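Colleague: What follows is the file protein.pdb, containing PDB, C-alpha atoms (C1' of nucleotides):
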ATOM      1  CA  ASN O 300     -55.622   9.745  -6.098
ATOM      2  CA  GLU O 301     -52.135   8.758  -7.232
ATOM      3  CA  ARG O 302     -52.474  11.094 -10.211
ATOM      4  CA  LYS O 303     -53.714  14.127  -8.269
ATOM      5  CA  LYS O 304     -51.763  13.045  -5.185
ATOM      6  CA  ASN O 305     -48.374  13.195  -6.775
ATOM      7  CA  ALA O 306     -49.296  16.115  -9.003
ATOM      8  CA  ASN O 307     -49.939  17.943  -5.729
ATOM      9  CA  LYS O 308     -46.808  16.690  -4.010
ATOM     10  CA  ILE O 309     -44.683  17.655  -6.996
ATOM     11  CA  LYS O 310     -46.063  21.130  -7.503
ATOM     12  CA  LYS O 311     -45.409  21.224  -3.754
ATOM     13  CA  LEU O 312     -41.794  20.197  -4.428
ATOM     14  CA  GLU O 313     -41.533  23.034  -6.950
ATOM     15  CA  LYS O 314     -43.213  25.515  -4.597
ATOM     16  CA  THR O 315     -40.719  24.705  -1.853
ATOM     17  CA  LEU O 316     -37.934  24.678  -4.445
ATOM     18  CA  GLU O 317     -38.072  28.162  -5.945
ATOM     19  CA  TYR O 318     -36.677  29.989  -2.909
ATOM     20  CA  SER O 319     -32.983  29.373  -2.300
ATOM     21  CA  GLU O 320     -29.922  29.203  -4.553
ATOM     22  CA  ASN O 321     -27.242  30.816  -2.324
ATOM     23  CA  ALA O 322     -24.381  29.251  -4.316
ATOM     24  CA  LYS O 323     -22.929  31.311  -7.168
ATOM     25  CA  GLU O 324     -23.185  34.360  -5.007
ATOM     26  CA  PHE O 325     -20.073  33.824  -2.886
ATOM     27  CA  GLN O 326     -18.823  31.248  -5.433
ATOM     28  CA  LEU O 327     -17.692  33.911  -7.863
ATOM     29  CA  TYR O 328     -16.361  35.891  -4.908
ATOM     30  CA  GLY O 329     -14.373  32.926  -3.647
ATOM     31  CA  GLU O 330     -12.872  32.946  -7.123
ATOM     32  CA  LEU O 331     -12.265  36.678  -6.663
ATOM     33  CA  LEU O 332     -10.423  36.128  -3.394
ATOM     34  CA  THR O 333      -8.436  33.308  -4.978
ATOM     35  CA  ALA O 334      -7.471  35.893  -7.587
ATOM     36  CA  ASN O 335      -6.737  38.640  -5.041
ATOM     37  CA  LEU O 336      -5.121  36.172  -2.659
ATOM     38  CA  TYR O 337      -2.339  38.658  -1.815
ATOM     39  CA  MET O 338      -4.263  41.583  -0.259
ATOM     40  CA  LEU O 339      -6.058  39.682   2.489
ATOM     41  CA  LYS O 340      -5.820  39.450   6.257
ATOM     42  CA  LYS O 341      -7.974  36.582   7.779
ATOM     43  CA  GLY O 342      -9.534  39.268   9.955
ATOM     44  CA  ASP O 343     -11.818  41.197   7.639
ATOM     45  CA  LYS O 344     -15.444  41.140   6.526
ATOM     46  CA  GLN O 345     -15.386  43.297   3.416
ATOM     47  CA  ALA O 346     -13.793  42.997  -0.018
ATOM     48  CA  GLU O 347     -13.089  45.094  -3.102
ATOM     49  CA  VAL O 348     -14.149  43.580  -6.351
ATOM     50  CA  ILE O 349     -14.168  43.570 -10.129
TER      51      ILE O 349
ATOM     52  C1'   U K   1      36.610 -23.156  46.136
ATOM     53  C1'   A K   2      37.943 -31.016  41.982
ATOM     54  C1'   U K   3      39.420 -31.658  36.566
ATOM     55  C1'   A K   4      37.928 -30.869  31.264
ATOM     56  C1'   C K   5      34.184 -28.790  27.466
ATOM     57  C1'   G K   6      30.011 -24.871  26.428
ATOM     58  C1'   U K   7      25.628 -22.139  28.467
ATOM     59  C1'   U K   8      23.213 -18.323  30.313
ATOM     60  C1'   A K   9      23.528 -13.096  33.850
ATOM     61  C1'   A K  10      18.349 -13.013  34.902
ATOM     62  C1'   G K  11      20.371 -13.839  41.023
ATOM     63  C1'   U K  12      17.472 -16.722  35.957
ATOM     64  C1'   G K  13      19.039 -20.451  39.028
ATOM     65  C1'   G K  14      15.717 -19.388  43.408
ATOM     66  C1'   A K  15       7.410 -19.720  41.488
ATOM     67  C1'   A K  16       3.635 -19.392  36.142
ATOM     68  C1'   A K  17       0.928 -18.563  30.584
ATOM     69  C1'   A K  18      -1.130 -16.672  26.489
ATOM     70  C1'   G K  19       1.947 -13.318  23.493
ATOM     71  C1'   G K  20       5.947 -10.356  22.597
ATOM     72  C1'   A K  21      10.744  -9.346  21.209
ATOM     73  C1'   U K  22      17.692  -6.970  15.865
ATOM     74  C1'   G K  23      18.364 -10.899  23.592
ATOM     75  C1'   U K  24      21.536 -14.634  23.379
ATOM     76  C1'   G K  25      24.930 -19.061  21.601
ATOM     77  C1'   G K  26      24.521 -23.122  18.407
ATOM     78  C1'   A K  27      23.738 -25.799  13.979
ATOM     79  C1'   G K  28      21.431 -25.512   9.140
ATOM     80  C1'   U K  29      19.068 -23.273   4.442
ATOM     81  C1'   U K  30      18.990 -19.251   1.072
ATOM     82  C1'   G K  31      19.500 -14.213  -2.781
ATOM     83  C1'   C K  32      22.850  -9.709  -2.644
ATOM     84  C1'   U K  33      28.109  -9.658  -2.462
ATOM     85  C1'   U K  34      34.968  -7.012  -2.650
ATOM     86  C1'   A K  35      33.748  -5.898 -11.091
ATOM     87  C1'   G K  36      33.470  -3.536  -4.539
ATOM     88  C1'   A K  37      27.415  -5.094  -2.059
ATOM     89  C1'   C K  38      24.400  -2.521   2.180
ATOM     90  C1'   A K  39      24.551   2.124   4.786
ATOM     91  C1'   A K  40      26.234   7.087   5.124
ATOM     92  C1'   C K  41      27.635  11.342   2.268
ATOM     93  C1'   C K  42      27.745  13.917  -2.591
ATOM     94  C1'   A K  43      25.287  14.431  -7.676
ATOM     95  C1'   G K  44      20.775  14.027 -10.089
ATOM     96  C1'   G K  45      15.550  12.501  -9.125
ATOM     97  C1'   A K  46      13.756  15.287 -15.773
ATOM     98  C1'   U K  47      10.387  15.601 -20.754
ATOM     99  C1'   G K  48       5.227  15.326 -23.701
ATOM    100  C1'   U K  49       2.036  15.813 -19.091
ATOM    101  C1'   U K  50      -0.794  19.856 -14.795
ATOM    102  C1'   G K  51      -1.424  12.222 -18.358
ATOM    103  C1'   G K  52      -6.842  12.431 -19.648
ATOM    104  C1'   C K  53     -11.813  12.415 -16.800
ATOM    105  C1'   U K  54     -14.410  15.037 -13.297
ATOM    106  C1'   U K  55     -13.549  19.208 -10.292
ATOM    107  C1'   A K  56     -14.575  26.332  -9.385
ATOM    108  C1'   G K  57      -9.603  24.324  -9.421
ATOM    109  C1'   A K  58      -7.598  18.580  -9.017
ATOM    110  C1'   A K  59      -1.882  20.558 -11.579
ATOM    111  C1'   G K  60       2.178  13.265  -8.907
ATOM    112  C1'   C K  61      -0.968  13.704  -4.793
ATOM    113  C1'   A K  62     -10.295  15.056  -3.681
ATOM    114  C1'   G K  63     -12.489  11.150  -6.619
ATOM    115  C1'   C K  64     -12.786   8.121 -11.969
ATOM    116  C1'   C K  65     -10.001   5.589 -16.341
ATOM    117  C1'   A K  66      -4.988   5.481 -17.534
ATOM    118  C1'   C K  67      -0.377   4.417 -15.578
ATOM    119  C1'   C K  68       1.964   5.511 -21.568
ATOM    120  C1'   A K  69       6.522   7.118 -24.175
ATOM    121  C1'   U K  70      11.149   9.831 -24.106
ATOM    122  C1'   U K  71      16.781  12.033 -22.056
ATOM    123  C1'   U K  72      17.775   7.967 -20.491
ATOM    124  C1'   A K  73      22.828   5.904 -15.742
ATOM    125  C1'   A K  74      17.459   6.201 -14.019
ATOM    126  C1'   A K  75      13.648   9.141 -11.994
ATOM    127  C1'   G K  76       6.550   7.080 -10.875
ATOM    128  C1'   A K  77       1.170   9.981 -15.968
ATOM    129  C1'   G K  78       4.284   9.437  -9.227
ATOM    130  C1'   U K  79       6.044   6.812  -2.349
ATOM    131  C1'   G K  80       4.617  10.159   1.081
ATOM    132  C1'   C K  81       4.652  15.055   3.027
TER     133        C K  81
END
I need this file expressed as structure tokens, please.
Modeller:
Amino acid sequence: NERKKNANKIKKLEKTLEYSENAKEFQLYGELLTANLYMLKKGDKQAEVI
RNA sequence: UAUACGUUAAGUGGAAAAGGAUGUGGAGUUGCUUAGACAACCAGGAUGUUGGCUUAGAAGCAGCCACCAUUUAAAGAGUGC
């Protein structure tokens, strides 16, 4: 049990894990806005980026 | 509407506590202190260093160790914004 049990629960961990990262996307762009922190409005959605 | 010496001002006097309080007057103790104190005002309040760690960035000021040394009148690897 404990062998197969936790083998199952831990491949299950991995299975559930692979999906979401959602961090460096928008991290690098927060850095971009910090860089271009002089062309901004508080009232926009879009950006222009390099 | 006595005499003399001080008190309080709250009408306490003339209703009461915990607790509060730069209230008050009295004594007394004790460091600063007319080479001038304290305050105010004026001048400065710097350097390696943004101390290093970590942090995307932590740059006195997210958090961890450090908290040194120098110009020095003295300025903290920073007291708070």
Colleague: Could you give me the centre and size, in Å to one decimal, of an axis-aligned box around all listed atoms of segment 330-336 of chain O with 3 Å added on every side, as AutoDock Vina command-line options?
Modeller:
--center_x -9.0 --center_y 35.8 --center_z -5.1 --size_x 13.8 --size_y 11.7 --size_z 10.9
Colleague: Could you jot down the atom CA of residue 315 of chain O to atom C1' of residue 56 of chain K separation for me, Å, one decimal place?
Modeller: 27.3 Å
Colleague: Residues of chain O within 12 Å of chain K, counting all atoms listed in the file, what are they? List them as a count of residues only.
Modeller: 11
Colleague: Any chance you could work out the residue set of the PyMOL selection byres ((chain K and resi 62-77) around 8) here, as a list in words?
Modeller: residues 45, 46, 47, 49, 51, 52, 53, 54, 58, 60 and 78 of chain K
Colleague: I'd like to see the residues matched by the PyMOL selection byres ((chain K and resi 80) around 10) on this file, and ideally I'd get them as a VMD selection string.
Modeller: chain K and resid 61 79 81
Colleague: I'd like the residues picked by the PyMOL selection byres ((chain K and resi 17-29) around 10) written out as an NGL selection string, using the chain letters and numbers from the file.
Modeller: :K and (6-8 or 16 or 30)
Colleague: What separation in Å, quoted to one decimal, exists between atom CA of residue 317 of chain O and atom CA of residue 349 of chain O?
Modeller: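 Straight-line distance from atom CA of residue 317 of chain O to atom CA of residue 349 of chain O works out to 28.7 Å.
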Colleague: Just how far from atom CA of residue 319 of chain O is atom CA of residue 345 of chain O, in Å to one decimal?
Modeller: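 Here the two named atoms are 23.2 Å from each other.
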